[PDB]
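Reproduced below: my_file26.pdb, with PDB, C-alpha atoms and all ligand atoms.
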```pdb
MODEL        1
ATOM      1  CA  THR A  27      18.999   9.735   8.087
ATOM      2  CA  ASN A  28      19.126   7.424  11.112
ATOM      3  CA  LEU A  29      20.340  10.163  13.451
ATOM      4  CA  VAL A  30      19.101   7.734  16.149
ATOM      5  CA  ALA A  31      19.681   4.037  15.509
ATOM      6  CA  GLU A  32      16.903   1.564  16.284
ATOM      7  CA  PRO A  33      17.068  -2.229  16.742
ATOM      8  CA  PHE A  34      15.549  -3.315  13.439
ATOM      9  CA  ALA A  35      18.068  -6.139  13.027
ATOM     10  CA  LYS A  36      17.009  -7.842  16.254
ATOM     11  CA  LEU A  37      13.369  -7.402  15.260
ATOM     12  CA  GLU A  38      13.814  -9.080  11.868
ATOM     13  CA  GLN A  39      15.957 -11.847  13.349
ATOM     14  CA  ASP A  40      13.260 -12.693  15.904
ATOM     15  CA  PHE A  41      10.762 -12.629  13.019
ATOM     16  CA  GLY A  42      12.926 -14.992  10.972
ATOM     17  CA  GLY A  43      13.239 -12.830   7.869
ATOM     18  CA  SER A  44      13.832  -9.351   6.516
ATOM     19  CA  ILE A  45      12.149  -6.070   7.388
ATOM     20  CA  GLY A  46      12.380  -2.979   5.213
ATOM     21  CA  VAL A  47      11.474   0.441   6.574
ATOM     22  CA  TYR A  48      11.503   3.962   5.270
ATOM     23  CA  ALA A  49       9.969   6.781   7.246
ATOM     24  CA  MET A  50      10.041  10.494   6.365
ATOM     25  CA  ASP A  51       9.324  13.453   8.633
ATOM     26  CA  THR A  52       7.888  15.859   6.068
ATOM     27  CA  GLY A  53       8.671  18.850   8.284
ATOM     28  CA  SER A  54      12.433  18.614   8.715
ATOM     29  CA  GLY A  55      13.058  15.998   6.032
ATOM     30  CA  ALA A  56      14.647  13.619   8.548
ATOM     31  CA  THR A  57      14.386   9.934   7.735
ATOM     32  CA  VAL A  58      14.646   6.490   9.270
ATOM     33  CA  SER A  59      15.899   3.877   6.815
ATOM     34  CA  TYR A  60      16.520   0.123   7.162
ATOM     35  CA  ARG A  61      16.871  -2.126   4.078
ATOM     36  CA  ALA A  62      15.016   0.741   2.423
ATOM     37  CA  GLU A  63      16.301   0.212  -1.137
ATOM     38  CA  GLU A  64      15.760  -3.558  -1.205
ATOM     39  CA  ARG A  65      12.883  -4.880  -3.246
ATOM     40  CA  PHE A  66       9.956  -6.482  -1.443
ATOM     41  CA  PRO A  67       6.738  -7.864  -2.956
ATOM     42  CA  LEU A  68       3.926  -5.325  -3.074
ATOM     43  CA  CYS A  69       1.146  -7.889  -2.568
ATOM     44  CA  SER A  70      -2.139  -5.977  -2.254
ATOM     45  CA  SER A  71      -0.342  -2.719  -1.389
ATOM     46  CA  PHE A  72      -0.318  -1.892  -5.113
ATOM     47  CA  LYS A  73      -4.082  -1.263  -4.785
ATOM     48  CA  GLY A  74      -3.471   2.086  -3.088
ATOM     49  CA  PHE A  75      -1.388   3.293  -6.023
ATOM     50  CA  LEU A  76      -4.013   1.822  -8.363
ATOM     51  CA  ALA A  77      -6.679   4.042  -6.763
ATOM     52  CA  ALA A  78      -4.368   7.053  -7.079
ATOM     53  CA  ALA A  79      -3.876   6.295 -10.791
ATOM     54  CA  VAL A  80      -7.656   6.181 -11.213
ATOM     55  CA  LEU A  81      -7.930   9.553  -9.480
ATOM     56  CA  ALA A  82      -5.244  10.982 -11.754
ATOM     57  CA  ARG A  83      -7.202   9.840 -14.802
ATOM     58  CA  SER A  84     -10.389  11.340 -13.339
ATOM     59  CA  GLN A  85      -8.734  14.769 -13.577
ATOM     60  CA  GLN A  86      -9.064  14.511 -17.369
ATOM     61  CA  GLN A  87     -12.343  12.498 -17.254
ATOM     62  CA  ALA A  88     -14.887  14.323 -15.092
ATOM     63  CA  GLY A  89     -17.444  11.505 -15.176
ATOM     64  CA  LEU A  90     -15.015   8.663 -14.537
ATOM     65  CA  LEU A  91     -15.564   8.179 -10.807
ATOM     66  CA  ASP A  92     -19.348   7.954 -11.153
ATOM     67  CA  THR A  93     -19.245   5.565 -14.138
ATOM     68  CA  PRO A  94     -21.210   2.352 -13.357
ATOM     69  CA  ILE A  95     -19.260  -0.874 -14.003
ATOM     70  CA  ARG A  96     -21.144  -4.161 -14.465
ATOM     71  CA  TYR A  97     -19.215  -7.415 -14.160
ATOM     72  CA  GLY A  98     -19.912 -11.102 -14.372
ATOM     73  CA  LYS A  99     -19.281 -13.906 -11.952
ATOM     74  CA  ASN A 100     -16.076 -14.718 -13.840
ATOM     75  CA  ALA A 101     -14.662 -11.386 -12.608
ATOM     76  CA  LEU A 102     -14.946 -12.412  -8.988
ATOM     77  CA  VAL A 103     -11.572 -13.350  -7.558
ATOM     78  CA  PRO A 104     -11.195 -14.970  -4.132
ATOM     79  CA  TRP A 105     -11.323 -12.266  -1.429
ATOM     80  CA  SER A 106     -13.719  -9.819  -3.051
ATOM     81  CA  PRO A 107     -15.802  -8.968   0.013
ATOM     82  CA  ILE A 108     -17.429  -5.815  -1.396
ATOM     83  CA  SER A 109     -17.783  -6.588  -5.099
ATOM     84  CA  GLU A 110     -19.426  -9.964  -4.388
ATOM     85  CA  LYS A 111     -22.308  -8.076  -2.733
ATOM     86  CA  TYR A 112     -22.887  -6.008  -5.886
ATOM     87  CA  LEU A 113     -22.409  -8.715  -8.535
ATOM     88  CA  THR A 114     -26.072  -8.421  -9.529
ATOM     89  CA  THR A 115     -26.033  -4.597  -9.614
ATOM     90  CA  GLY A 116     -22.595  -3.317 -10.580
ATOM     91  CA  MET A 117     -20.558  -0.647  -8.737
ATOM     92  CA  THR A 118     -19.125   2.738  -9.723
ATOM     93  CA  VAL A 119     -15.445   3.281 -10.455
ATOM     94  CA  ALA A 120     -15.166   5.241  -7.201
ATOM     95  CA  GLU A 121     -16.805   2.392  -5.282
ATOM     96  CA  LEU A 122     -14.448  -0.151  -6.845
ATOM     97  CA  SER A 123     -11.518   2.095  -5.947
ATOM     98  CA  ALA A 124     -12.639   2.418  -2.335
ATOM     99  CA  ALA A 125     -13.205  -1.350  -2.088
ATOM    100  CA  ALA A 126      -9.748  -2.083  -3.485
ATOM    101  CA  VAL A 127      -8.162   0.333  -0.961
ATOM    102  CA  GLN A 128     -10.291  -0.323   2.107
ATOM    103  CA  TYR A 129     -11.015  -4.058   1.838
ATOM    104  CA  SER A 130      -8.220  -5.147  -0.548
ATOM    105  CA  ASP A 131     -11.035  -6.283  -2.860
ATOM    106  CA  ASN A 132      -9.474  -8.382  -5.623
ATOM    107  CA  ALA A 133     -12.240  -8.311  -8.234
ATOM    108  CA  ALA A 134     -12.345  -4.532  -7.878
ATOM    109  CA  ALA A 135      -8.583  -4.290  -8.257
ATOM    110  CA  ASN A 136      -8.527  -6.400 -11.447
ATOM    111  CA  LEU A 137     -11.418  -4.415 -12.957
ATOM    112  CA  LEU A 138      -9.586  -1.144 -12.313
ATOM    113  CA  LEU A 139      -6.293  -2.569 -13.587
ATOM    114  CA  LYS A 140      -8.059  -3.364 -16.867
ATOM    115  CA  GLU A 141      -9.338   0.221 -17.046
ATOM    116  CA  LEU A 142      -5.762   1.530 -16.750
ATOM    117  CA  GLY A 143      -4.243  -0.800 -19.342
ATOM    118  CA  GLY A 144      -3.056  -3.544 -17.028
ATOM    119  CA  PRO A 145       0.071  -3.844 -14.901
ATOM    120  CA  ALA A 146       2.099  -1.865 -17.428
ATOM    121  CA  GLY A 147      -0.447   0.969 -17.264
ATOM    122  CA  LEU A 148      -0.151   1.239 -13.495
ATOM    123  CA  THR A 149       3.638   1.065 -13.803
ATOM    124  CA  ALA A 150       3.497   3.921 -16.337
ATOM    125  CA  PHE A 151       1.499   6.026 -13.896
ATOM    126  CA  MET A 152       4.155   5.471 -11.236
ATOM    127  CA  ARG A 153       6.867   6.427 -13.736
ATOM    128  CA  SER A 154       4.915   9.616 -14.478
ATOM    129  CA  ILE A 155       5.287  10.744 -10.839
ATOM    130  CA  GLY A 156       9.022  10.005 -10.851
ATOM    131  CA  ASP A 157       9.030   6.510  -9.315
ATOM    132  CA  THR A 158      11.585   4.435 -11.240
ATOM    133  CA  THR A 159      11.499   1.507  -8.768
ATOM    134  CA  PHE A 160       7.870   0.346  -8.712
ATOM    135  CA  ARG A 161       6.887  -2.425 -11.066
ATOM    136  CA  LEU A 162       3.621  -4.282 -11.453
ATOM    137  CA  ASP A 163       3.816  -7.251 -13.789
ATOM    138  CA  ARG A 164       0.879  -9.556 -13.023
ATOM    139  CA  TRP A 165      -2.772  -9.511 -11.915
ATOM    140  CA  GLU A 166      -4.546 -10.783  -8.831
ATOM    141  CA  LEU A 167      -3.965 -13.413  -7.546
ATOM    142  CA  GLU A 168      -0.774 -14.391  -9.399
ATOM    143  CA  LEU A 169       1.108 -11.274  -8.243
ATOM    144  CA  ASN A 170       1.230 -12.679  -4.675
ATOM    145  CA  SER A 171       3.825 -15.406  -5.362
ATOM    146  CA  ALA A 172       6.546 -13.448  -3.506
ATOM    147  CA  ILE A 173       9.294 -15.702  -4.878
ATOM    148  CA  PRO A 174      12.726 -14.945  -3.340
ATOM    149  CA  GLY A 175      14.827 -12.932  -5.779
ATOM    150  CA  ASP A 176      11.925 -12.269  -8.175
ATOM    151  CA  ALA A 177      11.611  -8.572  -8.989
ATOM    152  CA  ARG A 178       8.136  -8.926 -10.509
ATOM    153  CA  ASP A 179       5.438  -7.040  -8.610
ATOM    154  CA  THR A 180       7.863  -5.367  -6.203
ATOM    155  CA  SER A 181       9.041  -1.992  -5.066
ATOM    156  CA  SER A 182      11.265  -0.666  -2.286
ATOM    157  CA  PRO A 183      10.133   0.814   1.036
ATOM    158  CA  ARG A 184      11.822   4.054   0.078
ATOM    159  CA  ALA A 185      10.114   4.390  -3.302
ATOM    160  CA  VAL A 186       6.763   3.451  -1.765
ATOM    161  CA  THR A 187       7.154   6.198   0.832
ATOM    162  CA  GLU A 188       8.405   8.754  -1.694
ATOM    163  CA  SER A 189       5.484   8.038  -4.021
ATOM    164  CA  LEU A 190       2.959   8.022  -1.169
ATOM    165  CA  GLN A 191       4.209  11.444  -0.071
ATOM    166  CA  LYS A 192       3.880  12.830  -3.607
ATOM    167  CA  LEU A 193       0.308  11.567  -3.922
ATOM    168  CA  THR A 194      -1.060  12.383  -0.435
ATOM    169  CA  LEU A 195       0.840  15.572   0.466
ATOM    170  CA  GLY A 196       2.650  16.731  -2.684
ATOM    171  CA  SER A 197       1.465  17.869  -6.089
ATOM    172  CA  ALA A 198       1.124  14.591  -8.013
ATOM    173  CA  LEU A 199      -2.681  14.802  -7.762
ATOM    174  CA  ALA A 200      -4.834  17.894  -7.941
ATOM    175  CA  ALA A 201      -6.097  19.021  -4.549
ATOM    176  CA  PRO A 202      -9.618  17.466  -4.648
ATOM    177  CA  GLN A 203      -8.238  14.155  -5.878
ATOM    178  CA  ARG A 204      -5.431  14.284  -3.302
ATOM    179  CA  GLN A 205      -7.937  14.637  -0.470
ATOM    180  CA  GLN A 206     -10.061  11.831  -1.916
ATOM    181  CA  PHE A 207      -7.043   9.514  -1.943
ATOM    182  CA  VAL A 208      -6.311  10.484   1.669
ATOM    183  CA  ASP A 209      -9.939   9.861   2.631
ATOM    184  CA  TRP A 210      -9.930   6.397   1.061
ATOM    185  CA  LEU A 211      -6.731   5.532   2.954
ATOM    186  CA  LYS A 212      -8.195   6.908   6.203
ATOM    187  CA  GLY A 213     -11.198   4.629   5.763
ATOM    188  CA  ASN A 214      -9.118   1.490   5.357
ATOM    189  CA  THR A 215     -10.453  -1.439   7.408
ATOM    190  CA  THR A 216      -7.611  -3.965   6.998
ATOM    191  CA  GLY A 217      -4.760  -2.252   8.867
ATOM    192  CA  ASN A 218      -5.777  -2.021  12.529
ATOM    193  CA  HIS A 219      -2.983  -4.357  13.676
ATOM    194  CA  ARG A 220      -0.197  -2.851  11.549
ATOM    195  CA  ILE A 221       1.069   0.769  11.431
ATOM    196  CA  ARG A 222      -2.172   1.978  13.059
ATOM    197  CA  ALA A 223      -1.362  -0.090  16.163
ATOM    198  CA  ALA A 224       1.696   2.160  16.677
ATOM    199  CA  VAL A 225      -0.239   5.406  16.097
ATOM    200  CA  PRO A 226      -2.031   7.092  19.035
ATOM    201  CA  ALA A 227      -5.800   7.229  18.802
ATOM    202  CA  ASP A 228      -5.830  11.042  18.686
ATOM    203  CA  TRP A 229      -3.797  11.258  15.436
ATOM    204  CA  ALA A 230      -5.211  10.981  11.936
ATOM    205  CA  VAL A 231      -3.885   8.158   9.769
ATOM    206  CA  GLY A 232      -4.526   6.448   6.462
ATOM    207  CA  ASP A 233      -2.894   3.255   5.250
ATOM    208  CA  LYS A 234      -2.896   0.420   2.724
ATOM    209  CA  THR A 235      -1.900  -3.144   3.614
ATOM    210  CA  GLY A 236      -0.552  -6.061   1.638
ATOM    211  CA  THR A 237      -0.441  -9.773   2.506
ATOM    212  CA  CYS A 238       0.953 -12.264  -0.022
ATOM    213  CA  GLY A 239       0.181 -15.428   1.991
ATOM    214  CA  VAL A 240       3.607 -17.023   1.427
ATOM    215  CA  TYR A 241       7.260 -16.347   2.257
ATOM    216  CA  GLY A 242       6.394 -14.398   5.411
ATOM    217  CA  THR A 243       5.550 -11.529   3.072
ATOM    218  CA  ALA A 244       3.283  -8.710   4.246
ATOM    219  CA  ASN A 245       3.426  -4.942   4.453
ATOM    220  CA  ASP A 246       1.722  -1.637   5.190
ATOM    221  CA  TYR A 247       2.295   1.977   4.217
ATOM    222  CA  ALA A 248       0.734   5.001   5.833
ATOM    223  CA  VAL A 249       0.492   8.737   6.131
ATOM    224  CA  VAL A 250       0.222   9.853   9.751
ATOM    225  CA  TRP A 251      -0.699  13.304  11.110
ATOM    226  CA  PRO A 252       0.656  13.685  14.664
ATOM    227  CA  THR A 253      -0.909  16.721  16.228
ATOM    228  CA  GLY A 254       1.151  19.878  16.379
ATOM    229  CA  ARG A 255       3.819  18.858  13.824
ATOM    230  CA  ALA A 256       4.202  17.932  10.175
ATOM    231  CA  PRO A 257       2.916  14.601   8.867
ATOM    232  CA  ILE A 258       5.012  11.441   8.683
ATOM    233  CA  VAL A 259       5.010   9.102   5.680
ATOM    234  CA  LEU A 260       6.255   5.546   6.200
ATOM    235  CA  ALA A 261       6.434   2.091   4.671
ATOM    236  CA  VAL A 262       7.080  -1.245   6.406
ATOM    237  CA  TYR A 263       7.611  -4.378   4.272
ATOM    238  CA  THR A 264       8.518  -7.922   5.280
ATOM    239  CA  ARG A 265       9.596 -11.166   3.665
ATOM    240  CA  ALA A 266      11.179 -14.415   4.807
ATOM    241  CA  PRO A 267      13.161 -17.185   3.128
ATOM    242  CA  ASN A 268      10.771 -20.167   3.287
ATOM    243  CA  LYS A 269       7.505 -20.492   1.428
ATOM    244  CA  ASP A 270       5.611 -21.579   4.540
ATOM    245  CA  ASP A 271       7.068 -18.872   6.804
ATOM    246  CA  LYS A 272       4.232 -16.950   8.428
ATOM    247  CA  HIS A 273       3.798 -13.212   8.219
ATOM    248  CA  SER A 274       3.397 -11.184  11.413
ATOM    249  CA  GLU A 275       1.226  -8.135  11.931
ATOM    250  CA  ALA A 276       2.893  -7.518  15.292
ATOM    251  CA  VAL A 277       6.311  -7.236  13.634
ATOM    252  CA  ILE A 278       4.968  -4.553  11.284
ATOM    253  CA  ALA A 279       3.489  -2.572  14.204
ATOM    254  CA  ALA A 280       6.745  -2.937  16.131
ATOM    255  CA  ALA A 281       8.792  -1.688  13.190
ATOM    256  CA  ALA A 282       6.466   1.301  12.841
ATOM    257  CA  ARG A 283       6.993   2.099  16.529
ATOM    258  CA  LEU A 284      10.763   1.963  16.053
ATOM    259  CA  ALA A 285      10.489   4.264  13.039
ATOM    260  CA  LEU A 286       8.544   6.872  14.976
ATOM    261  CA  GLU A 287      11.030   6.604  17.839
ATOM    262  CA  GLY A 288      13.922   7.051  15.417
ATOM    263  CA  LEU A 289      12.281  10.243  14.122
ATOM    264  CA  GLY A 290      11.770  11.610  17.650
ATOM    265  CA  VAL A 291       7.998  11.625  17.179
ATOM    266  CA  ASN A 292       6.529  11.096  20.637
ATOM    267  CA  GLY A 293       3.804   8.449  20.422
TER     268      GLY A 293
HETATM  269  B1  LIG B 301      -3.432  -8.833  -1.641
HETATM  270  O1  LIG B 301      -2.330  -8.717  -0.555
HETATM  271  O2  LIG B 301      -2.767  -9.282  -2.948
HETATM  272  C1  LIG B 301      -4.554  -9.942  -1.158
HETATM  273  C2  LIG B 301      -4.927 -11.054  -1.927
HETATM  274  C3  LIG B 301      -5.843 -11.978  -1.464
HETATM  275  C4  LIG B 301      -6.424 -11.814  -0.220
HETATM  276  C5  LIG B 301      -6.089 -10.726   0.577
HETATM  277  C6  LIG B 301      -5.162  -9.795   0.119
HETATM  278  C7  LIG B 301      -4.629  -8.713   1.035
HETATM  279  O3  LIG B 301      -4.830  -7.428   0.532
HETATM  280  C8  LIG B 301      -5.092  -8.801   2.470
HETATM  281  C9  LIG B 301      -4.379  -7.684   3.245
HETATM  282  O4  LIG B 301      -4.263  -6.497   2.708
HETATM  283  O5  LIG B 301      -3.913  -7.997   4.329
HETATM  284 NA    NA B 302      16.923  -9.159   2.738
ENDMDL
END
```

Can you turn what I pasted into structure tokens?
Amino acid sequence: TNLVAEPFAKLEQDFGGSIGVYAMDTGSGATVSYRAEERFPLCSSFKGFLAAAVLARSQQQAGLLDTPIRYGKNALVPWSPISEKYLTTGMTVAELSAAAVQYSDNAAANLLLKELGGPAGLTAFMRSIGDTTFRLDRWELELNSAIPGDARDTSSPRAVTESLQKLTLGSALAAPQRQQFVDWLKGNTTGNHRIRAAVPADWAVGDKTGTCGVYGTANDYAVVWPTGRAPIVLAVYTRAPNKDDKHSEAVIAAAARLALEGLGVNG
């Protein structure tokens, strides 16, 4: 862990807040860790784990992913860019899952949360894979409040990375479902200025972002496949003390670069 120190403190000071980073080289097991056991708000980043929980359930329900879900206008939530285009038709569970992952679609996320038994149901799924840190407590949009000191709707960078590894590379999902989760993450559209900006174009990568809109709070987690070596799993979370502090995508990209440098991954 931190065999090579990196200037995360200067980065977060220039940002005006706190940055939390965990990065794991799945080959050697080496890690980079900075504020990695502090809690940070998940914001929309819970939607990746939501999609994984849906995939886990689909292992016992063979028709789940292709089930058509019809919803009313009252299910739309601000920032539902995919589900608003299918209000009059409905969408399948798999489509809602992909929209939640790849566009952070809020109506899709709340519909899938209901399917799983709400925030406690998603939390139970995370417990079932050995994550004792993650907690979801509220729905969209209330879960974005990012109040300083509030543990609701938070996890730690370390637990996020550990759970992401289990789900994308480990045995927490069966192999077809594992690859589907990876493929949804690879198709994300919201993360081009975050971890992806630190990842060379010739490497494969999937990610899920989160942006709370207050308290300088935003994040990204990713699996990255550098060519010729084992994949890297990493999480970068930010927060800041004042409600009107702005988040920064550049700070997240910069922290990801430092993490890769700390791991000796040439990028
Ligand atoms: B999510 O972070 O709770 C959310 C809520 C409303 C609008 C947008 C989002 C984000 O997912 C956007 C993002 O991922 O950057
Ligand atoms: Na802090």

Counting all atoms listed in the file, which residues of stretch 177-219 of chain A fall within 8 Å of stretch 41-59 of chain A, and what is the closest atom pair for each with its distance in Å at one decimal, ordered by chain and rising number, as a tab-separated table?
```
residue	atom	partner	partner_atom	distance
A:182	CA	A:46	CA	7.9
A:183	CA	A:48	CA	5.5
A:184	CA	A:48	CA	5.2
A:187	CA	A:48	CA	6.6
```

Can you work out which residues are within 9 Å of ligand LIG 301 (chain B), considering only C-alpha atoms and all ligand atoms, and then hand them over as a PDB file with C-alpha atoms, keeping the file's coordinate frame?
```pdb
ATOM      1  CA  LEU A  68       3.926  -5.325  -3.074  1.00  0.00           C
ATOM      2  CA  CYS A  69       1.146  -7.889  -2.568  1.00  0.00           C
ATOM      3  CA  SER A  70      -2.139  -5.977  -2.254  1.00  0.00           C
ATOM      4  CA  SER A  71      -0.342  -2.719  -1.389  1.00  0.00           C
ATOM      5  CA  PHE A  72      -0.318  -1.892  -5.113  1.00  0.00           C
ATOM      6  CA  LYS A  73      -4.082  -1.263  -4.785  1.00  0.00           C
ATOM      7  CA  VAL A 103     -11.572 -13.350  -7.558  1.00  0.00           C
ATOM      8  CA  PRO A 104     -11.195 -14.970  -4.132  1.00  0.00           C
ATOM      9  CA  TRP A 105     -11.323 -12.266  -1.429  1.00  0.00           C
ATOM     10  CA  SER A 106     -13.719  -9.819  -3.051  1.00  0.00           C
ATOM     11  CA  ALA A 126      -9.748  -2.083  -3.485  1.00  0.00           C
ATOM     12  CA  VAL A 127      -8.162   0.333  -0.961  1.00  0.00           C
ATOM     13  CA  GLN A 128     -10.291  -0.323   2.107  1.00  0.00           C
ATOM     14  CA  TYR A 129     -11.015  -4.058   1.838  1.00  0.00           C
ATOM     15  CA  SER A 130      -8.220  -5.147  -0.548  1.00  0.00           C
ATOM     16  CA  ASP A 131     -11.035  -6.283  -2.860  1.00  0.00           C
ATOM     17  CA  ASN A 132      -9.474  -8.382  -5.623  1.00  0.00           C
ATOM     18  CA  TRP A 165      -2.772  -9.511 -11.915  1.00  0.00           C
ATOM     19  CA  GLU A 166      -4.546 -10.783  -8.831  1.00  0.00           C
ATOM     20  CA  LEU A 167      -3.965 -13.413  -7.546  1.00  0.00           C
ATOM     21  CA  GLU A 168      -0.774 -14.391  -9.399  1.00  0.00           C
ATOM     22  CA  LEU A 169       1.108 -11.274  -8.243  1.00  0.00           C
ATOM     23  CA  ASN A 170       1.230 -12.679  -4.675  1.00  0.00           C
ATOM     24  CA  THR A 216      -7.611  -3.965   6.998  1.00  0.00           C
ATOM     25  CA  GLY A 217      -4.760  -2.252   8.867  1.00  0.00           C
ATOM     26  CA  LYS A 234      -2.896   0.420   2.724  1.00  0.00           C
ATOM     27  CA  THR A 235      -1.900  -3.144   3.614  1.00  0.00           C
ATOM     28  CA  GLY A 236      -0.552  -6.061   1.638  1.00  0.00           C
ATOM     29  CA  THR A 237      -0.441  -9.773   2.506  1.00  0.00           C
ATOM     30  CA  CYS A 238       0.953 -12.264  -0.022  1.00  0.00           C
ATOM     31  CA  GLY A 239       0.181 -15.428   1.991  1.00  0.00           C
ATOM     32  CA  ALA A 244       3.283  -8.710   4.246  1.00  0.00           C
ATOM     33  CA  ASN A 245       3.426  -4.942   4.453  1.00  0.00           C
ATOM     34  CA  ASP A 246       1.722  -1.637   5.190  1.00  0.00           C
TER      35      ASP A 246
END
```

Q.
I'd like the neighbourhood of residue A:275 as number ranges by chain, where a residue qualifies if any of its atoms comes within 7 Å (using only C-alpha atoms), though same-chain residues fewer than 4 positions away should be ignored.
A. A: 219-220, 279

Counting all atoms listed in the file, give me one row per residue of chain A with an atom at most 12 Å from an atom of ligand NA 302 (chain B), showing the shortest contact pair and its distance in Å to one decimal, sorted by chain then residue number, as a tab-separated table.
```
residue	atom	partner	partner_atom	distance
A:35	CA	B:NA302	NA	10.8
A:38	CA	B:NA302	NA	9.6
A:39	CA	B:NA302	NA	11.0
A:42	CA	B:NA302	NA	10.9
A:43	CA	B:NA302	NA	7.3
A:44	CA	B:NA302	NA	4.9
A:45	CA	B:NA302	NA	7.3
A:46	CA	B:NA302	NA	8.1
A:47	CA	B:NA302	NA	11.7
A:60	CA	B:NA302	NA	10.3
A:61	CA	B:NA302	NA	7.2
A:62	CA	B:NA302	NA	10.1
A:63	CA	B:NA302	NA	10.2
A:64	CA	B:NA302	NA	6.9
A:65	CA	B:NA302	NA	8.4
A:66	CA	B:NA302	NA	8.6
A:67	CA	B:NA302	NA	11.7
A:174	CA	B:NA302	NA	9.4
A:175	CA	B:NA302	NA	9.5
A:182	CA	B:NA302	NA	11.4
A:243	CA	B:NA302	NA	11.6
A:263	CA	B:NA302	NA	10.6
A:264	CA	B:NA302	NA	8.9
A:265	CA	B:NA302	NA	7.7
A:266	CA	B:NA302	NA	8.1
A:267	CA	B:NA302	NA	8.9
```

Q.
So that I can check the surroundings of stretch 194-202 of chain A, please list as a PyMOL selection string every protein, DNA and RNA residue that reaches within 7 Å of it, counting all atoms listed in the file and ignoring chain neighbours fewer than 6 positions away.
A. chain A and resi 82+155+208

Q. Nearest to residue A:76 among A:152, A:91, A:186, A:101, with distances taken over all atoms listed in the file: which residue is it?
A.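 The answer is A:152, which sits nearest to residue A:76.
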
**Q.** Point-to-point distance in Å for atom CA of residue A:213 and atom CA of residue A:83
**A.**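 Interatomic distance here is 21.6 Å.
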
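When the PyMOL selection byres (((chain A and resi 77) around 9) and not hetatm) is run on the displayed coordinates, the residues it returns are residues 72, 73, 74, 75, 76, 78, 79, 80, 81, 82, 120, 122, 123, 124, 126, 127, 135, 138, 207 and 210 of chain A.
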
Q: Go ahead and compute the interatomic distance for atom CA of residue A:100 and atom CA of residue A:134, in Å to one decimal.
A: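 Separation between atom CA of residue A:100 and atom CA of residue A:134: 12.4 Å.
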
Q: Check which residues satisfy the PyMOL selection byres (((chain A and resi 145) around 9) and not hetatm) in the file shown, then give them as a VMD selection string.
A: chain A and resid 139 to 140 142 to 144 146 to 150 161 to 165 179

Q.
Expand the PyMOL selection byres (((chain A and resi 282-284) around 10) and not hetatm) into the explicit residue set it covers here, and present it as a PyMOL selection string.
A. chain A and resi 31-34+37+47-49+58+220-225+246-248+260-262+276-281+285-293

Q: One decimal, Å: what's the distance from atom CA of residue A:115 over to atom CA of residue A:92, could you say?
A: 14.3 Å

Q. Which residues come within 6 Å of residue A:232, counting only C-alpha atoms, excluding same-chain residues fewer than 4 positions away, as a list in words?
A.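 So, after excluding close chain neighbours, the residues are residues 211, 212, 248 and 249 of chain A.
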
Find the axis-aligned box for stretch 200-205 of chain A, covering all its listed atoms and adding 4 Å on each side, and write its centre and edge lengths in Å to one decimal as JSON.
```
{"center_x": -7.2, "center_y": 16.6, "center_z": -4.2, "size_x": 12.8, "size_y": 12.9, "size_z": 15.5}
```
